[PDB]
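Close look at the chain arrangement
What follows is each chain in one-letter form.
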Amino acid sequence: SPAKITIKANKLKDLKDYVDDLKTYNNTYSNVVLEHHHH
Amino acid sequence: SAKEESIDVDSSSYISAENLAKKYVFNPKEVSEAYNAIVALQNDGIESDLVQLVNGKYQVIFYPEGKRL
């Protein structure tokens, strides 16, 4: 099903950190695709 | 049918960023735009529809592209 994900924190710093981690891992998993071509 | 998931980073139990990324493929442009909006609000007070104070917490909303393989 379609999904809507709401991420919440009282402090902007904590929200920033979660999103920063998400960004890192989302990019890493997407890079695995390219690695399969490289290797 | 549709799924709404709330991730309360201030709570005693929430899905890790690692596990969220394992579960879903996100459009990187969506995530980057939200991250930059958070930074702009924090650093320069720039308000955006992307990062709002709602019911006592700042929030962003993501619409995953897919379920990760």
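Conventions we followed
Residues numbered from 1 in each chain as written, not as in the entry; some residues may be left out. Chains lettered and ligands numbered in written order. Heavy atoms only, no water. Helix = DSSP H or I, 4+ residues; strand = E, 2+ residues; numbered from the N terminus. Buried < 20%, exposed > 50% of the residue type's maximum accessible area, 1.4 Å probe, protein only. Contact = heavy atoms within 4.5 Å. Areas by Shrake-Rupley, 256 points an atom, 1.4 Å probe, with all protein chains shown as cover. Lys, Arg positive; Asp, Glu negative; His and termini not counted. Charge placed at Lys NZ, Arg CZ, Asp CG, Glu CD. Expected span 1.5 Å × (residues − 1). Arc of directions from axis to C-beta. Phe/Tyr/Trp six-rings, centres within 6.5 Å; stacked < 30°, edge-to-face > 60°. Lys NZ or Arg CZ within 6 Å of the ring centre and 35° of its normal. Buried area = accessible area lost by both parts, 1.4 Å probe. Salt bridge = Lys/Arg side-chain N within 4 Å of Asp/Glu carboxyl O. Polar contact = N/O pair within 3.5 Å; in protein donor to acceptor, adjacent residues only side chain to side chain.

For this deposited structure, the header cites X-ray crystallography as the method used and 1.5000 Å as the resolution.

Within the PDB entry, the label attached to chain B reads S-layer protein, and the organism entered is Clostridioides difficile.

Some words on the overall build of chain B
Within chain B one finds 2 helices and 5 strands. N-terminal to C-terminal, the α/β element order of chain B is β-α-β-α-β-β-β. Here the C-alpha coordinates of chain B stretch approximately 40 × 30 × 25 Å along the principal axes. When each of the 69 residues of chain B is scored for burial, the buried share is 30%. If you take every contact in chain B between residues at least 6 apart in sequence, the share linking residues at least 24 apart comes to 53%. Summed over all atoms, the accessible surface of chain B reaches about 4,400 Å², with 46% contributed by carbon and sulfur. Charged side chains of chain B number 7 positive and 11 negative; the gap between the two group centres comes to 12 Å.

Topic: helix α2 (residues 28-44) of chain B
Here α2 of chain B is 17 residues long and its end C-alpha atoms lie 23 Å apart, about the 24 Å a rise of 1.5 Å per residue gives. For α2 of chain B, the set of buried residues is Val31, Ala34, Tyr35, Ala37, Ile38 and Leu41 of chain B. In an axial view of α2 of chain B, the angular spread of the buried residues amounts to 160°, which keeps them on one side of the axis. α2 of chain B presents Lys29, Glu33, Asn43 and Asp44 of chain B as exposed residues on the side facing more than 90 degrees away from its buried surface. For α2 of chain B, the secondary structure elements touched by its buried residues are α1 (12-38) of chain A together with β4 (57-62) of chain B. Taken from the residues just after α2 of chain B, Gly45 of chain B is the one with a positive phi, measuring 70°.

Description of the packing of aromatic side chains
The tally for this structure, following the rule as stated, stands at 3 aromatic pairs over all chains. With 6.0 Å between their ring centres and 50° between their planes, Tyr18 of chain A and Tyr14 of chain B make a pair best called tilted. Placement of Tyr18 of chain A in helix α1 and of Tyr14 of chain B in the loop between β1 (3-8) and α1 (17-23) is noted, with the two residues assigned to different chains. For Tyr18 of chain A, a relative accessible area of 5% gives the class buried. Assessed through its relative accessible area of 37%, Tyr14 of chain B is described here as partly exposed. Residues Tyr24 of chain B and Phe26 of chain B carry aromatic rings whose centres are separated by 6.1 Å and whose planes lie at 75° to one another, so their mutual orientation is edge-to-face. In terms of burial, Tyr24 of chain B and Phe26 of chain B fall into one category: buried. By the ring-pair criterion, three or more aromatic residues cluster together here, those being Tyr24, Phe26 and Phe62 of chain B. The ring of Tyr35 of chain B has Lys23 of chain A sitting right over it, with the charged end atom 4.0 Å from the ring centre.

What to know about the interface of chain A and chain B
With 26 residues of chain A at the contact, the number on the chain B side is 40 residues. Here chain A meets chain B over a buried area of about 3,400 Å², counting both sides, of which 63% is carbon and sulfur. In terms of surface lost to chain B, no three residues of chain A exceed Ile5, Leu12 and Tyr18 of chain A, which account for 21% of the buried area on that side. Our count for the contact surface shared by chain A and chain B stands at 1 salt bridge. In this structure, the salt-bridge partner of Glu4 of chain B is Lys4 of chain A, at a minimum N-O distance of 3.9 Å. There are 21 residue pairs in polar contact connecting chain A and chain B.

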